[PDB]
Structures are given as structure tokens and as C-alpha cells.
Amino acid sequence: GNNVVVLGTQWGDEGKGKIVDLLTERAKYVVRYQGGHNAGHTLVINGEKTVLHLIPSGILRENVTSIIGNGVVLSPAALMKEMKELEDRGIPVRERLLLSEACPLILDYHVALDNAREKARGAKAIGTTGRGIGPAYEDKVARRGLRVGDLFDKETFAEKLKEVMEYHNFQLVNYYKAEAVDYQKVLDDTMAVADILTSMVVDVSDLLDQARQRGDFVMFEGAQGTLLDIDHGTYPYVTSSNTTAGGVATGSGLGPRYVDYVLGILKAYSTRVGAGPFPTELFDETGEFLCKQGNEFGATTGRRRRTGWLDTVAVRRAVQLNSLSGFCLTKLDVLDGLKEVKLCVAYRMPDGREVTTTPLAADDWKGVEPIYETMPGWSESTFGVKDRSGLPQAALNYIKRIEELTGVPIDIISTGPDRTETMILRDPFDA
């Protein structure tokens, strides 16, 4: 249908970037509805690599208008920084990127805070990405955060900032005994790029309304994944926003009833970056082989990712939360060369109970062990294959099983980082 949503069904890094970019070929708009620059998507066109963080992954297409919705936490600094890098490479960012005046602003102190909280947590740290995503979402919700629209009347912006900065420094200094952030440098750096920002402002919410009434193919691009959902995720080891399909309406302004199809990006195995429950986590050679073979390092912090088997119990939670319509199975090629492959099909609770449902809150996952279901592998190569035909039978089978255990069709299978190393069985846009 017209409005297609692409999100991460696991713990982010499933392959949203590539997939957004591959499917945008047909779309007018691309909307990031949540997160900030903690995200790190990764598009590879004809072997040329672009890793986007805060800018929508539809940015490399002149025929698509990239929008950053009000749900997103906007860092003026990082935006300018990514902007220039894309511009140096001939991608006229400023020309194809629009933004919301409702977007909260991430400023230096937000990072100051994040660093503090995390240190305070001492040994039980969330393992956040370092930006000030959390604190920015808090200030937002606390109704003291600064938003893009505030950048307009600059005299008052300066009153507001001095005020908020005064607040956060007291804590930083007196409480965390950390060094305060200077109000002047914050004000200056922000003001130096204000005009750039305010320039891209548009009423995204009303924009999506007409795009829709016309029939425009729009694509929502999600950051992070389901189990990182501030609400439904492995709290408190989560991100401070709704990464689940409901952040679409709340993070863009589009009426919820206008989501037509929801595509879940599903990685073929599991990876996690940050502290948190991970039932199917591996610490053996196959664990190493997965990270190694799938170049599993964060596209934003550099951190090695925790690898594990594909958890069907957890993904099935994704199906229901996101109202999935289909799955895009990614990184299949990474499994090539494995003798056999396993997918967690049920959870063994700490008290002997066998369940096919997931707990909800880090703690409530404290002793769960997974009940796999071993499948034979395939030594054949699936890399860049563009057709089921080239996929070996084991593969076809491992894939069919996933459909059975979830009741969700795998509409897209990806055989490589390259925009073109993919098979599209059913295009979300024409369904």
C-alpha cells in the first residue's frame, strides 16, 4: 500500500538502512519517526559505503524528500556534521531534507548528563551510545526541553537555554560532581547553525496528511528495534523512545489508521549491542564466527556486537506489537558454511515452565534458557544471490520454518550489504 513502515524486530542493526534505501526507489517521502543519532544505518551502493545516523536513509535519492519527524531527538551539531560529509560527496542534503519544529534539541549538556547517569549506574550501566538521547527525551517529556521551533525567536531561546542549562549544571556539579557545560558555547554553536535548521522546517504532520490524500508512497524508517522499546522493551536496558510500530503515528503526526503495511527487518541470527537479556546469546566459536563473518560492530559506537541464534520467541513478540505484514530476512549469507542452524522456539522459565511468550523487563528474564530446534545448514554460498533458485534447500527450509513459527511471510530476503544483493518477493508498496 501507500504507507510502508520499516522497523527492527530485534535489538536494532537488523538492516533497516539498506532496506529503506532499496525500497525508496518508488517513494516520494521517507520519514524517521524516532531516535536520534544513536542509530547507525548502513547503505552500500555499488560498493560505496554511507553510514547514516540521524539523516533518513532515503537521502541518497534525488527523487525522495527525506523528513525527520517530531518524534526524533535532533542534535544540531551532529546534523551539521553529517550534512557536510554528505555534501562533500555530492549529495545535496539541504536540498532534499525537511524537518519538524517539534523535534527536541540535543545539546552538549544532554551528553553531559548521559555520561553522568551511566557512570552513576556504575556496574549496572545500560551501555548507551554516548549521545544524549535519554536526557533529551526526558527534558522533552518534562516540558523544559528546547525544540527546533524555539530556534526562531532567538532572544527568548537564550533565556530558555540559560534557564535549562542553569538547572542541569547544578546537578552535574553539586550532585554528580561533574564539570558543568558552558551556557555561552552552547548558545553560540547552536546559533551558528540555527538558520540552516529553521530553513528545513516544514509542518510534517500536515505534510503527511496531503501526501496521503494524494496517494504518495511514503516510507517510515525506524531506528533501533522492538526489544529496545522504552515501553515494551527489556526495561531498563532500552532506548528512551518507542521503537515499535506505534512511534510512527506519534512520531510523525500521521493518523495511526494510515499505516498500510509494516515490514519487519529480521537478521537471520541475533546481535545485541548494549547491556541486557539475550537468551540465545553465543560465547563459543559459532558466536565468534557470527560476529566475524557478519562484520558485527556497531555502526555508531564501534562496539563489538553480542551475537546469538535467531530467537523466535522474541521475534513473535515483534509480530504482534508491530502488526507485522511481512519480514525481510537479512544477512542469510552470513550463515553459509555452518553445519547446522538453530532457532529458539520456546523459553524454559526458571521454575520449570515451558513457554512461547517473552517476559517483559530485564529482571523478568533472569533465568530463562532457550529451547532450540536444530536445522541443517548448507556449505553452498548464498552471497549476493538474487533468487530463491540460487538458495540451497536447507536455506529454503530454514526460511520456511521461520514462516511457520511466526505465521508471517518473508517478503524480502537479503544476500548482501549492497542495495542490489537482494530478492524482493512481494514489494510492500504494491500490497
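Note that residue numbering follows the sequence shown and begins at 1.
When the C-alpha B-factors of 420-428 and 1-9 are averaged, 420-428 comes out higher. Stretches 133-141 and 287-295 differ in mean CA B factor, with 287-295 having the higher one. Residues shown: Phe383, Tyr33, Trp365, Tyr29. Highest C-alpha temperature factor in the entry: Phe383. When the C-alpha B factors of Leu254, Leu360, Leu324, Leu161 are read from the deposited coordinates, the top value falls at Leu161. When all modelled residues of the chain are sorted by CA temperature factor, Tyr258 is found within the lowest third.
When all modelled residues of the chain are sorted by CA temperature factor, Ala39 is found within the lowest third. In the PDB entry, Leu396 places in the highest third of its chain by CA B-factor. Sorting the modelled residues of the chain by their CA temperature factor places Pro370 in the middle third.
Remark: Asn63 belongs to the middle third of its chain, ranked by C-alpha B-factor as recorded.
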